[PDB]
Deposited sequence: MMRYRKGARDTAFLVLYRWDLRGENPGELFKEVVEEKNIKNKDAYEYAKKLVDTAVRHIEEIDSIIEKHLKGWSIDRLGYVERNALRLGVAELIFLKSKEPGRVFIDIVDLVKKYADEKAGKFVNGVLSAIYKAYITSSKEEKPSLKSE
């Protein structure tokens, strides 16, 4: 409760990131990341899958939302897909642990980019949720 979700968020971000860069079928890209990370745990696999399937299904509205607090293609690849993942979980999945996703999402950005990127994402993601 609910620690497996941290790794799942990492998985999902990796998929969205490479979907953005490759523009290929998300389902197949998800399979690539799962294999590369060697994910075995059932709940880690299934929550990651739900995260991505959610982000993909609602991609247009998700982007529209983000753009209201900025054009989205101006953002970096790490920033934009972290924001996508966040909006997916907080709003379209109605996370009952919003504090956790903020922490995990912002850490993701700090890990693969830098502090500045992390602060930009946190600040934009906050305005979004606030409105919600």
Deposited-sequence stretches lacking C-alpha coordinates, listed in sequence order:
71 to 73, 136 to 149
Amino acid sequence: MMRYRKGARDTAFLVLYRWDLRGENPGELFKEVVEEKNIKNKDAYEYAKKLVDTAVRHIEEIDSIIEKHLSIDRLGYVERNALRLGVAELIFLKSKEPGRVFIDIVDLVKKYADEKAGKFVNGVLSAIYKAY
From here on, numbers count along this sequence of modelled residues.
Give the stretch, out of 60 to 68 and 30 to 38, with the larger mean C-alpha temperature factor in the deposited entry.
60 to 68
Of the two stretches 120 to 128 and 13 to 21, which shows the higher Cα B-factor on average in the entry?
120 to 128
Given 48, 91, 101, 78, identify the residue with the highest C-alpha B factor in the PDB entry.
91
According to the PDB entry, is the CA B factor of residue 107 in the bottom, middle or top third of its chain, that is, lowest, middle or highest?
lowest
